[PDB]
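The next block is input.pdb, given as PDB, C-alpha atoms and all ligand atoms.
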```pdb
ATOM      1  CA  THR A   1     144.430 125.797 209.643
ATOM      2  CA  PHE A   2     147.513 128.069 209.525
ATOM      3  CA  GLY A   3     149.255 130.479 207.186
ATOM      4  CA  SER A   4     147.462 130.941 203.956
ATOM      5  CA  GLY A   5     145.007 128.352 205.220
ATOM      6  CA  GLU A   6     145.165 124.602 204.826
ATOM      7  CA  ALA A   7     146.328 123.625 201.297
ATOM      8  CA  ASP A   8     143.309 123.577 199.058
ATOM      9  CA  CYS A   9     141.591 126.237 201.080
ATOM     10  CA  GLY A  10     139.674 129.133 199.591
ATOM     11  CA  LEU A  11     138.833 127.207 196.431
ATOM     12  CA  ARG A  12     135.114 126.497 196.552
ATOM     13  CA  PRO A  13     134.075 123.274 194.751
ATOM     14  CA  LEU A  14     131.125 124.700 192.875
ATOM     15  CA  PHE A  15     132.950 127.837 191.788
ATOM     16  CA  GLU A  16     136.730 128.190 191.623
ATOM     17  CA  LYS A  17     137.187 124.513 191.009
ATOM     18  CA  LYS A  18     134.799 124.853 187.988
ATOM     19  CA  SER A  19     135.905 128.277 186.936
ATOM     20  CA  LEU A  20     132.352 129.540 187.712
ATOM     21  CA  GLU A  21     131.791 132.892 189.462
ATOM     22  CA  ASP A  22     129.079 133.629 192.011
ATOM     23  CA  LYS A  23     127.064 136.777 191.237
ATOM     24  CA  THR A  24     128.615 139.355 193.548
ATOM     25  CA  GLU A  25     132.328 138.382 193.653
ATOM     26  CA  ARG A  26     132.971 140.752 190.718
ATOM     27  CA  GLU A  27     131.994 143.540 193.103
ATOM     28  CA  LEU A  28     134.826 142.702 195.464
ATOM     29  CA  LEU A  29     137.641 142.358 192.931
ATOM     30  CA  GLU A  30     136.452 145.533 191.379
ATOM     31  CA  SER A  31     136.987 147.298 194.721
ATOM     32  CA  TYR A  32     140.625 146.224 194.992
ATOM     33  CA  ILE A  33     141.073 148.866 192.295
ATOM     34  CA  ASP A  34     140.052 146.124 189.846
ATOM     35  CA  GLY A  35     141.539 142.652 189.464
ATOM     36  CA  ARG A  36     142.991 140.858 186.377
TER      37      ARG A  36
ATOM     38  CA  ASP B   1     111.058 126.894 214.344
ATOM     39  CA  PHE B   2     114.034 124.588 213.652
ATOM     40  CA  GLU B   3     113.322 121.112 212.350
ATOM     41  CA  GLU B   4     114.278 118.146 214.552
ATOM     42  CA  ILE B   5     117.712 116.670 213.981
ATOM     43  CA  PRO B   6     118.595 112.954 214.338
ATOM     44  CA  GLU B   7     118.678 111.849 218.027
ATOM     45  CA  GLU B   8     122.172 110.401 217.449
ATOM     46  CA  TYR B   9     123.511 113.971 217.541
ATOM     47  CA  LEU B  10     122.401 114.673 221.112
ATOM     48  CA  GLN B  11     122.883 111.327 222.936
TER      49      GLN B  11
ATOM     50  CA  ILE C   1     122.300 140.222 207.657
ATOM     51  CA  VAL C   2     120.326 143.435 206.900
ATOM     52  CA  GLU C   3     120.013 144.414 203.181
ATOM     53  CA  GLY C   4     121.882 141.306 202.092
ATOM     54  CA  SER C   5     120.474 138.633 199.728
ATOM     55  CA  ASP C   6     120.100 134.883 199.740
ATOM     56  CA  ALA C   7     123.364 133.015 199.181
ATOM     57  CA  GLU C   8     124.006 130.550 196.377
ATOM     58  CA  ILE C   9     124.318 126.898 197.140
ATOM     59  CA  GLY C  10     128.019 126.235 197.805
ATOM     60  CA  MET C  11     128.925 129.971 197.933
ATOM     61  CA  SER C  12     130.263 129.973 201.564
ATOM     62  CA  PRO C  13     131.286 126.295 202.138
ATOM     63  CA  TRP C  14     133.151 127.254 205.234
ATOM     64  CA  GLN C  15     130.142 128.770 206.953
ATOM     65  CA  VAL C  16     129.250 126.940 210.130
ATOM     66  CA  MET C  17     126.245 127.325 212.293
ATOM     67  CA  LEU C  18     126.682 126.908 216.052
ATOM     68  CA  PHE C  19     123.478 125.265 217.221
ATOM     69  CA  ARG C  20     122.487 124.696 220.824
ATOM     70  CA  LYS C  21     120.976 121.494 222.053
ATOM     71  CA  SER C  22     118.257 122.476 224.538
ATOM     72  CA  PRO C  23     116.569 124.656 223.549
ATOM     73  CA  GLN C  24     117.483 123.869 219.932
ATOM     74  CA  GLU C  25     118.361 127.367 218.675
ATOM     75  CA  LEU C  26     120.934 129.116 216.495
ATOM     76  CA  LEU C  27     123.565 130.852 218.541
ATOM     77  CA  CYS C  28     126.258 132.198 216.190
ATOM     78  CA  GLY C  29     128.018 131.424 212.905
ATOM     79  CA  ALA C  30     131.620 130.200 212.672
ATOM     80  CA  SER C  31     134.028 129.178 209.871
ATOM     81  CA  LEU C  32     135.696 125.872 209.099
ATOM     82  CA  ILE C  33     139.532 126.287 208.799
ATOM     83  CA  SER C  34     140.756 122.623 208.752
ATOM     84  CA  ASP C  35     138.786 119.357 209.040
ATOM     85  CA  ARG C  36     138.795 119.599 212.836
ATOM     86  CA  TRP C  37     138.712 123.316 213.624
ATOM     87  CA  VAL C  38     135.990 125.844 213.750
ATOM     88  CA  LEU C  39     136.684 129.492 214.403
ATOM     89  CA  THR C  40     134.065 131.751 216.061
ATOM     90  CA  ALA C  41     133.805 134.862 218.242
ATOM     91  CA  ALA C  42     134.468 134.312 221.939
ATOM     92  CA  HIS C  43     131.366 136.214 222.999
ATOM     93  CA  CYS C  44     129.239 133.379 221.464
ATOM     94  CA  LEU C  45     130.440 131.156 224.250
ATOM     95  CA  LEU C  46     131.317 133.339 227.209
ATOM     96  CA  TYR C  47     129.527 136.630 227.971
ATOM     97  CA  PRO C  48     129.224 136.909 231.820
ATOM     98  CA  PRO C  49     127.058 140.072 231.812
ATOM     99  CA  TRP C  50     124.345 137.679 230.493
ATOM    100  CA  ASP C  51     125.651 134.611 232.287
ATOM    101  CA  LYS C  52     126.606 133.046 228.971
ATOM    102  CA  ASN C  53     129.275 130.386 229.387
ATOM    103  CA  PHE C  54     128.684 127.435 227.090
ATOM    104  CA  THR C  55     130.664 124.279 227.259
ATOM    105  CA  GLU C  56     131.437 121.468 224.797
ATOM    106  CA  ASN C  57     128.443 119.437 225.963
ATOM    107  CA  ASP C  58     126.090 122.250 225.076
ATOM    108  CA  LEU C  59     126.796 122.893 221.402
ATOM    109  CA  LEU C  60     126.571 121.189 218.031
ATOM    110  CA  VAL C  61     128.276 122.496 214.917
ATOM    111  CA  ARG C  62     126.226 122.205 211.704
ATOM    112  CA  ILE C  63     128.360 122.353 208.616
ATOM    113  CA  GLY C  64     126.961 122.405 205.090
ATOM    114  CA  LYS C  65     123.789 124.444 205.627
ATOM    115  CA  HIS C  66     121.987 126.829 203.387
ATOM    116  CA  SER C  67     118.587 126.683 205.131
ATOM    117  CA  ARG C  68     118.438 127.900 208.763
ATOM    118  CA  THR C  69     115.695 125.727 210.209
ATOM    119  CA  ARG C  70     115.946 122.537 208.138
ATOM    120  CA  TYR C  71     117.974 119.482 208.833
ATOM    121  CA  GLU C  72     119.336 119.197 205.235
ATOM    122  CA  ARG C  73     119.515 115.379 205.369
ATOM    123  CA  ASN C  74     122.457 114.051 203.294
ATOM    124  CA  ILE C  75     123.946 117.524 202.803
ATOM    125  CA  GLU C  76     124.949 118.886 206.213
ATOM    126  CA  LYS C  77     127.098 117.254 208.836
ATOM    127  CA  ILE C  78     126.643 117.909 212.585
ATOM    128  CA  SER C  79     129.749 117.443 214.728
ATOM    129  CA  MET C  80     130.233 117.577 218.438
ATOM    130  CA  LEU C  81     133.036 119.483 220.087
ATOM    131  CA  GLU C  82     136.065 118.137 221.826
ATOM    132  CA  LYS C  83     137.613 121.359 223.176
ATOM    133  CA  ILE C  84     136.843 125.114 223.093
ATOM    134  CA  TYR C  85     139.577 127.649 223.456
ATOM    135  CA  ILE C  86     138.847 131.300 224.152
ATOM    136  CA  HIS C  87     141.645 133.860 223.705
ATOM    137  CA  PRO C  88     143.369 134.196 227.159
ATOM    138  CA  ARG C  89     142.924 137.978 226.858
ATOM    139  CA  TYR C  90     139.401 138.252 225.414
ATOM    140  CA  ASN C  91     138.109 141.390 227.147
ATOM    141  CA  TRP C  92     134.394 141.059 227.879
ATOM    142  CA  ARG C  93     134.525 143.730 230.431
ATOM    143  CA  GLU C  94     135.317 146.606 228.171
ATOM    144  CA  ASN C  95     135.240 146.424 224.329
ATOM    145  CA  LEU C  96     135.232 142.762 223.190
ATOM    146  CA  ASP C  97     138.831 143.065 222.142
ATOM    147  CA  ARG C  98     140.399 139.671 221.194
ATOM    148  CA  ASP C  99     137.006 138.317 220.482
ATOM    149  CA  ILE C 100     138.098 134.972 219.058
ATOM    150  CA  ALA C 101     137.724 131.299 220.076
ATOM    151  CA  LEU C 102     138.673 127.973 218.497
ATOM    152  CA  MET C 103     136.612 124.774 218.771
ATOM    153  CA  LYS C 104     138.019 121.374 217.975
ATOM    154  CA  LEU C 105     135.519 118.815 216.670
ATOM    155  CA  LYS C 106     135.095 115.319 218.081
ATOM    156  CA  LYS C 107     136.114 113.706 214.758
ATOM    157  CA  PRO C 108     137.313 115.378 211.527
ATOM    158  CA  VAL C 109     134.776 116.348 208.890
ATOM    159  CA  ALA C 110     134.691 115.176 205.313
ATOM    160  CA  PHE C 111     134.613 118.054 202.808
ATOM    161  CA  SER C 112     132.234 117.939 199.861
ATOM    162  CA  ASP C 113     130.869 120.687 197.597
ATOM    163  CA  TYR C 114     129.035 122.116 200.613
ATOM    164  CA  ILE C 115     131.796 121.738 203.173
ATOM    165  CA  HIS C 116     135.313 123.104 202.318
ATOM    166  CA  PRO C 117     137.654 125.229 204.580
ATOM    167  CA  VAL C 118     138.687 128.866 204.126
ATOM    168  CA  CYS C 119     142.224 130.152 204.262
ATOM    169  CA  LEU C 120     143.564 132.138 207.164
ATOM    170  CA  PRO C 121     145.384 135.208 205.947
ATOM    171  CA  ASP C 122     149.197 135.606 205.775
ATOM    172  CA  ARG C 123     150.936 139.015 206.541
ATOM    173  CA  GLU C 124     151.245 139.829 202.860
ATOM    174  CA  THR C 125     147.580 139.132 201.971
ATOM    175  CA  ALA C 126     146.504 140.918 205.131
ATOM    176  CA  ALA C 127     148.588 143.880 204.134
ATOM    177  CA  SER C 128     147.324 144.054 200.606
ATOM    178  CA  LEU C 129     143.595 143.471 201.062
ATOM    179  CA  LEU C 130     142.811 145.368 204.287
ATOM    180  CA  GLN C 131     142.672 148.814 202.762
ATOM    181  CA  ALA C 132     139.825 151.145 203.164
ATOM    182  CA  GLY C 133     137.324 150.812 200.295
ATOM    183  CA  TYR C 134     138.062 147.219 199.513
ATOM    184  CA  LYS C 135     134.983 145.131 200.026
ATOM    185  CA  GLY C 136     134.656 141.994 202.128
ATOM    186  CA  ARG C 137     131.659 139.684 202.425
ATOM    187  CA  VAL C 138     129.820 138.529 205.530
ATOM    188  CA  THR C 139     127.263 135.696 205.730
ATOM    189  CA  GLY C 140     124.850 134.401 208.346
ATOM    190  CA  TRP C 141     121.402 133.221 209.337
ATOM    191  CA  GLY C 142     121.065 136.160 211.628
ATOM    192  CA  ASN C 143     118.300 138.655 211.747
ATOM    193  CA  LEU C 144     117.222 140.743 208.803
ATOM    194  CA  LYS C 145     116.322 143.910 210.720
ATOM    195  CA  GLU C 146     117.417 145.321 214.093
ATOM    196  CA  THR C 147     113.831 144.791 215.192
ATOM    197  CA  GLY C 148     112.326 139.007 210.053
ATOM    198  CA  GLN C 149     114.683 135.929 210.206
ATOM    199  CA  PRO C 150     115.707 134.334 206.865
ATOM    200  CA  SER C 151     115.180 130.813 205.677
ATOM    201  CA  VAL C 152     118.384 130.844 203.695
ATOM    202  CA  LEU C 153     122.038 132.002 204.370
ATOM    203  CA  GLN C 154     122.388 135.708 203.466
ATOM    204  CA  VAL C 155     125.329 137.551 201.898
ATOM    205  CA  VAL C 156     126.193 141.271 201.886
ATOM    206  CA  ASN C 157     129.478 142.835 200.654
ATOM    207  CA  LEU C 158     130.777 145.688 202.749
ATOM    208  CA  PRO C 159     133.631 148.150 202.412
ATOM    209  CA  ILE C 160     136.431 148.542 204.973
ATOM    210  CA  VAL C 161     136.276 151.899 206.685
ATOM    211  CA  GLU C 162     139.187 154.045 207.886
ATOM    212  CA  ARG C 163     140.081 153.566 211.530
ATOM    213  CA  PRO C 164     139.511 157.302 212.407
ATOM    214  CA  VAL C 165     135.970 156.960 211.088
ATOM    215  CA  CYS C 166     135.516 153.664 212.881
ATOM    216  CA  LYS C 167     136.559 155.518 216.045
ATOM    217  CA  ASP C 168     134.530 158.686 215.508
ATOM    218  CA  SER C 169     131.323 156.652 215.159
ATOM    219  CA  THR C 170     131.375 155.129 218.675
ATOM    220  CA  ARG C 171     132.236 155.857 222.281
ATOM    221  CA  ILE C 172     133.982 152.486 222.649
ATOM    222  CA  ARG C 173     137.726 152.126 222.626
ATOM    223  CA  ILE C 174     138.583 150.509 219.242
ATOM    224  CA  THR C 175     141.924 148.622 219.485
ATOM    225  CA  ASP C 176     144.393 147.256 216.887
ATOM    226  CA  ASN C 177     142.586 143.924 216.924
ATOM    227  CA  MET C 178     139.451 145.352 215.413
ATOM    228  CA  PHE C 179     138.498 146.851 212.100
ATOM    229  CA  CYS C 180     135.085 148.097 210.878
ATOM    230  CA  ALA C 181     133.248 147.921 207.589
ATOM    231  CA  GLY C 182     130.207 149.557 206.237
ATOM    232  CA  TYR C 183     128.972 152.209 203.936
ATOM    233  CA  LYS C 184     128.887 155.848 204.983
ATOM    234  CA  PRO C 185     125.337 157.364 205.335
ATOM    235  CA  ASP C 186     126.558 159.243 202.342
ATOM    236  CA  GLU C 187     127.165 156.249 200.054
ATOM    237  CA  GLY C 188     123.448 155.379 199.591
ATOM    238  CA  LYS C 189     124.191 151.613 199.940
ATOM    239  CA  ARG C 190     123.283 149.709 203.109
ATOM    240  CA  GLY C 191     124.008 146.367 204.595
ATOM    241  CA  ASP C 192     125.523 145.170 207.808
ATOM    242  CA  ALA C 193     125.503 142.061 209.992
ATOM    243  CA  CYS C 194     123.197 141.790 212.882
ATOM    244  CA  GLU C 195     122.204 139.655 215.839
ATOM    245  CA  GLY C 196     122.574 135.953 214.950
ATOM    246  CA  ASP C 197     125.586 136.637 212.712
ATOM    247  CA  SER C 198     128.192 137.041 215.490
ATOM    248  CA  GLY C 199     131.078 134.598 215.099
ATOM    249  CA  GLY C 200     130.927 134.315 211.365
ATOM    250  CA  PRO C 201     133.489 135.059 208.709
ATOM    251  CA  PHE C 202     134.289 138.261 206.890
ATOM    252  CA  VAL C 203     136.124 137.078 203.801
ATOM    253  CA  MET C 204     137.882 138.524 200.801
ATOM    254  CA  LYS C 205     138.990 136.950 197.558
ATOM    255  CA  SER C 206     142.706 137.470 196.799
ATOM    256  CA  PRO C 207     142.889 138.856 193.252
ATOM    257  CA  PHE C 208     146.342 137.268 193.263
ATOM    258  CA  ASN C 209     145.703 133.608 193.823
ATOM    259  CA  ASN C 210     141.907 133.428 193.508
ATOM    260  CA  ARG C 211     141.424 132.143 197.074
ATOM    261  CA  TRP C 212     139.131 133.250 199.826
ATOM    262  CA  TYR C 213     140.732 134.311 203.003
ATOM    263  CA  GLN C 214     138.972 135.045 206.211
ATOM    264  CA  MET C 215     140.152 138.432 207.417
ATOM    265  CA  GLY C 216     137.628 139.169 210.221
ATOM    266  CA  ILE C 217     135.000 137.614 212.515
ATOM    267  CA  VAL C 218     131.621 139.336 213.268
ATOM    268  CA  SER C 219     132.199 140.752 216.757
ATOM    269  CA  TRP C 220     129.943 143.641 217.561
ATOM    270  CA  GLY C 221     128.226 146.805 216.512
ATOM    271  CA  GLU C 222     125.583 149.151 217.954
ATOM    272  CA  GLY C 223     122.314 148.249 216.215
ATOM    273  CA  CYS C 224     122.060 146.754 212.749
ATOM    274  CA  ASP C 225     122.518 148.989 209.707
ATOM    275  CA  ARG C 226     122.202 152.279 211.612
ATOM    276  CA  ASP C 227     123.355 155.314 209.564
ATOM    277  CA  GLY C 228     126.552 156.709 211.016
ATOM    278  CA  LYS C 229     127.525 153.430 212.663
ATOM    279  CA  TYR C 230     129.635 150.536 211.349
ATOM    280  CA  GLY C 231     130.293 146.873 212.263
ATOM    281  CA  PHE C 232     133.436 145.802 214.009
ATOM    282  CA  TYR C 233     135.204 142.575 213.375
ATOM    283  CA  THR C 234     138.048 140.781 215.181
ATOM    284  CA  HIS C 235     141.354 141.101 213.362
ATOM    285  CA  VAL C 236     142.152 137.416 212.532
ATOM    286  CA  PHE C 237     145.615 138.120 211.120
ATOM    287  CA  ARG C 238     146.468 140.150 214.167
ATOM    288  CA  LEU C 239     145.562 137.163 216.352
ATOM    289  CA  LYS C 240     146.922 134.487 213.970
ATOM    290  CA  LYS C 241     149.865 133.478 216.129
ATOM    291  CA  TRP C 242     147.383 132.559 218.882
ATOM    292  CA  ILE C 243     145.590 130.485 216.335
ATOM    293  CA  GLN C 244     148.700 128.565 215.290
ATOM    294  CA  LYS C 245     149.893 128.098 218.815
ATOM    295  CA  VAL C 246     146.668 126.359 220.042
ATOM    296  CA  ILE C 247     146.436 124.364 216.868
ATOM    297  CA  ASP C 248     149.986 122.904 216.949
ATOM    298  CA  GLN C 249     149.888 122.737 220.745
ATOM    299  CA  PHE C 250     146.585 120.758 220.718
ATOM    300  CA  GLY C 251     146.234 119.067 217.260
ATOM    301  CA  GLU C 252     145.476 120.073 213.627
TER     302      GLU C 252
HETATM  303 NA    NA D 301     125.799 151.928 209.089
END
```

Please go through the file and, once you have read it, give me the structure as structure tokens.
Amino acid sequence: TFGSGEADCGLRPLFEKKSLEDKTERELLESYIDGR
Amino acid sequence: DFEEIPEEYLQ
Amino acid sequence: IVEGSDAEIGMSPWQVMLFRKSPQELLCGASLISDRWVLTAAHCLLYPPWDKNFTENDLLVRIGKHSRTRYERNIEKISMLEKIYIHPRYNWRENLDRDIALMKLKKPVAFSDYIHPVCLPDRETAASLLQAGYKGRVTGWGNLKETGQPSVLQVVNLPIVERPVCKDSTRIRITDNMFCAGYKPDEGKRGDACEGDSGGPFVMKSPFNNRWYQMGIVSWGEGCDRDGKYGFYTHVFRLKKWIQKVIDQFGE
């Protein structure tokens, strides 16, 4: 809704909430000069 | 091409 | 989406489909930001050059889809709109600057594993992820070629391009409320959004707090996946105060 979303926003049920990754998200993080 | 949707969504 | 692939079930829970009543056809995509608000591109509702001016009574919002043409009984929800808000300075005369509109639903939606909202970016996240070369993802049930419609939601990941390049690719006046993404003819990688994708989300995943933020909206482009051209998106953060203002002025 506003700043930084809603509260539990951005955390997809079938992925972040289960620590599962979708096939191409690695691509993204890798382009922010790598993440983690 | 789209499949019908339940009449209660048009009214 | 051209040169994009099928999405995964529950990959873009915030993707909305704007569906028209008669004729029953897809119009644009949109994102879910709270249980009552959908965010789309103003030219999906008002585009006077083509006498487009839709009103509440003419649209349905289908949340939870994967499939484009199938009523996914027990999985998607279809809401009706209560109010539509177009940016008071949307410019449909010149370059589709401030191409953003907010729709309030009749009743709130219930989230599930297929329906969940996206976050709207904050100055810091905007600052750190909108750099040239960082990739964002776009989704939609739009066309697959410029001139070939998909059964499932497609996904493509595109890089942000440098404003100078965005500007030296077109004859239109690019403003601060726009940004473009796409591979250079040179980078032997394709992809882009296309007709039918307008109004959808361009999102990035913060490497900092593992959340998805919607940075842009599909606004326009000249063709679909043309070499030497890129796609332009509305600059959500840059228009965020507008967002807040109509939300707290008219609801949540
Ligand atoms: Na291109």

Ground truth for the PyMOL selection byres (((not hetatm)) within 6 of (chain D and resi 301)), written as a PyMOL selection string: chain C and resi 182+225-230

Contacts of residue A:33 within 12 Å, all atoms listed in the file, excl. fewer than 2 positions in-chain, as a VMD selection string: (chain A and resid 26 to 31 35 to 36) or (chain C and resid 128 to 129 131 to 135 207)

Which residue of C:219, C:198, C:57, C:91 approaches chain B most closely, using only C-alpha atoms: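 Closest to chain B, using only C-alpha atoms: C:57.
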
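Atom CA of residue C:147 is found 24.1 Å from atom CA of residue C:16.
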
Check: which chain B residues lie within 7 Å of chain C using all atoms listed in the file, as an NGL selection string: :B and (1-5)

For the residues selected in the previous step, produce a file with C-alpha atoms as a short mmCIF file (atom, residue, chain, number, x, y, z; two decimals), in the frame of the given file.
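Written file, again_36.cif:
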```cif
data_model
loop_
_atom_site.label_atom_id
_atom_site.label_comp_id
_atom_site.auth_asym_id
_atom_site.auth_seq_id
_atom_site.Cartn_x
_atom_site.Cartn_y
_atom_site.Cartn_z
CA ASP B 1 111.06 126.89 214.34
CA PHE B 2 114.03 124.59 213.65
CA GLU B 3 113.32 121.11 212.35
CA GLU B 4 114.28 118.15 214.55
CA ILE B 5 117.71 116.67 213.98
#
```

For residue C:246, the nearest of the candidates C:96, C:109, C:63, C:101, counting only C-alpha atoms: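 When distances to residue C:246 are compared using only C-alpha atoms, the smallest one comes from C:101.
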
Ground truth for the PyMOL selection byres (((chain A and resi 4) around 7) and not hetatm), written as number ranges by chain: A: 2-3, 5-6; C: 119-122

Residue members of the ChimeraX specification (/A :<8) & /C in the file shown, as a CSV table (one decimal) with C-alpha atoms, in the coordinates of the input:
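This is the output file part-v9.csv:
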```csv
chain,number,residue,atom,x,y,z
C,8,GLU,CA,124.0,130.6,196.4
C,10,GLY,CA,128.0,126.2,197.8
C,11,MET,CA,128.9,130.0,197.9
C,12,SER,CA,130.3,130.0,201.6
C,13,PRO,CA,131.3,126.3,202.1
C,33,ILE,CA,139.5,126.3,208.8
C,34,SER,CA,140.8,122.6,208.8
C,37,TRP,CA,138.7,123.3,213.6
C,112,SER,CA,132.2,117.9,199.9
C,113,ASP,CA,130.9,120.7,197.6
C,114,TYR,CA,129.0,122.1,200.6
C,116,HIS,CA,135.3,123.1,202.3
C,117,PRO,CA,137.7,125.2,204.6
C,118,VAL,CA,138.7,128.9,204.1
C,119,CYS,CA,142.2,130.2,204.3
C,120,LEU,CA,143.6,132.1,207.2
C,121,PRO,CA,145.4,135.2,205.9
C,122,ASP,CA,149.2,135.6,205.8
C,129,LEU,CA,143.6,143.5,201.1
C,133,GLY,CA,137.3,150.8,200.3
C,134,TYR,CA,138.1,147.2,199.5
C,135,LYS,CA,135.0,145.1,200.0
C,136,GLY,CA,134.7,142.0,202.1
C,157,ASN,CA,129.5,142.8,200.7
C,204,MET,CA,137.9,138.5,200.8
C,205,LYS,CA,139.0,137.0,197.6
C,207,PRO,CA,142.9,138.9,193.3
C,210,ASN,CA,141.9,133.4,193.5
C,211,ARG,CA,141.4,132.1,197.1
C,212,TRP,CA,139.1,133.2,199.8
C,213,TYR,CA,140.7,134.3,203.0
C,240,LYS,CA,146.9,134.5,214.0
C,243,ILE,CA,145.6,130.5,216.3
C,244,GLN,CA,148.7,128.6,215.3
C,247,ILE,CA,146.4,124.4,216.9
C,252,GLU,CA,145.5,120.1,213.6
```

Kindly list the centre and edge lengths in Å, rounded to one decimal, for the axis-aligned box that covers all listed atoms of stretch 5-9 of chain A plus 5 Å on each of its six sides, as AutoDock Vina command-line options.
```
--center_x 144.0 --center_y 126.0 --center_z 202.1 --size_x 14.7 --size_y 14.8 --size_z 16.2
```

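In this structure, atom CA of residue C:7 sits 14.1 Å away from atom CA of residue C:201.
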
For atom CA of residue C:166 and atom CA of residue C:153, the interatomic separation in Å (one decimal): 26.9 Å
